[PDB]
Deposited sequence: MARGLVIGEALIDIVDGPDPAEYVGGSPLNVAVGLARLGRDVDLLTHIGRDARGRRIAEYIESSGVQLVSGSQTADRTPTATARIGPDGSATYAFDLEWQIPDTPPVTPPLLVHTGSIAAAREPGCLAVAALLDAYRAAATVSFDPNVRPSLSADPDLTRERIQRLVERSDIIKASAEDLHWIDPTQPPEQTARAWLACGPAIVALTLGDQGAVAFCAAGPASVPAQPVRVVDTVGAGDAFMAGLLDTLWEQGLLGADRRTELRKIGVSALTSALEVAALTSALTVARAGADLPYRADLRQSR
């Protein structure tokens, strides 16, 4: 029962904090009590040391080859990015129960090709989950990254996205339209957060929703709570792919509720301080 997360860890400079949407998911799952491996790309500099200690002090096992970057990637607040995404293409862990990726790691060369490869590798053993987490302020080529997202959708079992992500993906369509088009491409579950309007999700059995419950990391905490409940329902792992697709509306609604409340609790505990 191990999870594998592949994606960027970085430093958010406003003062500086440890960030990266794939890192937040990894640390979110571990805080919830799961065994998580994190393949990433940080430095051996002061930042990459603070990142590695933040990872270590969270229970997330840092996969070897993750500290090979020249400089530790940074996001300086509308965001300015100085980052390189590249990871060893060799499968570094015993095949996990779950492989999760998204954000910059899924769409940025040269790591994005290895990630899609690695995803293709572990897919026969692991459930694939993905969060596009569109950060347009990072470089560009909108068509390439729009196309790479669409190809990861086609490879994925579980998808979570925000209405803002899907509006970037296709402004001509309501985000529910886009999410339903994504479900038709293969996934068992497409979850859609709607900010002040709550969250909805779609599976073959039907739509689910949770009502209205904007700070950094709320989306990744939602994703972690989603994967953790699906894990707890016994639907992760390729062994359980066929019943992931068959999840009932009541189960999905309850996974959605837990993910929405997990995200809200992470916000409220961060607002207390």
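Deposited-sequence ranges lacking C-alpha coordinates, in sequence order:
In sequence order, the gaps with no modelled C-alpha are 1, 16-20, 84-91, 228-232, 293-303.
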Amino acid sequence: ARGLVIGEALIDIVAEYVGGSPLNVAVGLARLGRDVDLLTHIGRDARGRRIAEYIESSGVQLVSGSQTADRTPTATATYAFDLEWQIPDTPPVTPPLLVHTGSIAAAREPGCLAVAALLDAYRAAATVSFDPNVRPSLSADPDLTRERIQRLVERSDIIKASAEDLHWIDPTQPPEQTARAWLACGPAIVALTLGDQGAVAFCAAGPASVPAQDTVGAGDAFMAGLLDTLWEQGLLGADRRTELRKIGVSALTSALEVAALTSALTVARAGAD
From here on, numbers count along this sequence of modelled residues.
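Using only the Cα atoms and their B-factors as the entry lists them, report which of 108-116 and 181-189 averages higher.
That would be 108-116.
Taking the mean of the C-alpha B-factors per stretch from the entry, tell me the winner out of 81-89 and 124-132.
Here the higher of the two C-alpha B-factor means belongs to 81-89.
Top residue by Cα temperature factor, when 206, 219, 225, 48 are compared in the entry:
Max CA B-factor in the entry, restricted to 206, 219, 225, 48: 48.
Could you tell me which one of 145, 172, 162, 74 shows the highest CA temperature factor in the PDB record?
Top of the list by C-alpha B-factor: 74.
Sorting the chain's CA B-factors, does residue 272 end up in the lowest, middle or highest third?
Its C-alpha B-factor belongs to the highest third of this chain's values.
Based on the entry's values, in what third of the chain does the Cα temperature factor of residue 140 lie: lowest, middle or highest?
Answer is highest: the recorded C-alpha B-factor places it there.
Record-listed C-alpha B factor of residue 59: chain third
Middle third of the chain for residue 59's C-alpha B-factor.
Within-chain third of residue 249 by Cα B-factor, per the entry
Middle third.
Going by the entry, which third of its chain does the Cα temperature factor of residue 197 land in?
For residue 197, whose C-alpha B-factor we compare with every modelled residue in the chain, the answer is the middle third.
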